[PDB]
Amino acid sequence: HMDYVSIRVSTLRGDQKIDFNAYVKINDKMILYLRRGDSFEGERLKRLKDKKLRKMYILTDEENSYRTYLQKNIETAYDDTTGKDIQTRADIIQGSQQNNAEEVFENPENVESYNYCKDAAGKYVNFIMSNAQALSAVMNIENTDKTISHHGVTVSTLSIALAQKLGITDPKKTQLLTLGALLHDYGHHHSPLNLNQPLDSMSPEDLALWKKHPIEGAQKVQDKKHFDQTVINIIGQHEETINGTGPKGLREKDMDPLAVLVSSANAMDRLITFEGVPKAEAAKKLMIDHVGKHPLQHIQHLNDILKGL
């Protein structure tokens, strides 16, 4: 009898108490999981981790409560005047960025959703740039379920920090870099590929499928008038390497410089998140197993960023 609407689980973050139930779908039935009054700050977030949760459901009659919950979370989290714990702010903002990316992946023709994601990417740059511990707090949020939207947020975070180290200050460029990084793996959306394995031990079939993703991703968006060219370039070129060994065979001179940055940042998170490489060993691995693929200055800066420098 009752109607439900879907919500993305990355929107359930921080210490605000929910004024709605939330349900997990099991065997196509809506099973009560989160109750009115629950919150998700600190260790409470574990209730939503390691469970491959993507969508949950709320009663349609409670949708207004959810919408107000989300808007309050976002407004409070981006506010630099509150003195709110940085980890809680980061929990909310990381999840909101992920939500915005998922909305674009699910609705790529939607101009408003793209523009919302773009505007929020600008807000994200400002959050990371204006709060000393923001990057560290975001990097504390492990990608337990190995999703491409969480991975996009992580890659965008490393990309913002890398851009700062390289002296790329133009706000339009940093916004588009962040947006492209967030969306970079659109080509993997609803792919049967298990990303959580090393590329060099994938079956030939899996590797072949993997090589298609930037090409397919870019082809899908390249003629959409509302997509920024830089974002299209990042989606399509982010697997390219400076010595021309990537899927498109591009060399550094052939590439959007911002895609070179995302390529480096991505290569690092792939090692750490998808291949189980300890963060302190990732730079070495790229240099010794990914010879000549990325600019040494990017790898050194990324190593420093992961070290807190």
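In this text, residue numbers run from 1 along the sequence as written.
The PDB entry records a higher mean C-alpha B factor for 236 to 244 than for its counterpart among 264 to 272 and 236 to 244.
For the pair 152 to 160 and 216 to 224, the mean Cα B-factor is higher in 216 to 224.
Of the candidates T147, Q87, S113, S203, the deposited coordinates give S203 the top C-alpha B factor. Comparing the listed residues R13, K293, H301, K25, the entry records the largest Cα B-factor for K293. Ranked by C-alpha B-factor against the other modelled residues of its chain, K211 falls in the middle third. When the modelled residues of the chain are ordered by C-alpha B-factor, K118 sits in the lowest third.
When all modelled residues of the chain are sorted by CA temperature factor, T178 is found within the lowest third.
In the deposited entry, the Cα temperature factor of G187 places it in the lowest third of its chain's modelled residues. The PDB entry assigns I7 a C-alpha temperature factor belonging to the lowest third of its chain's modelled residues.
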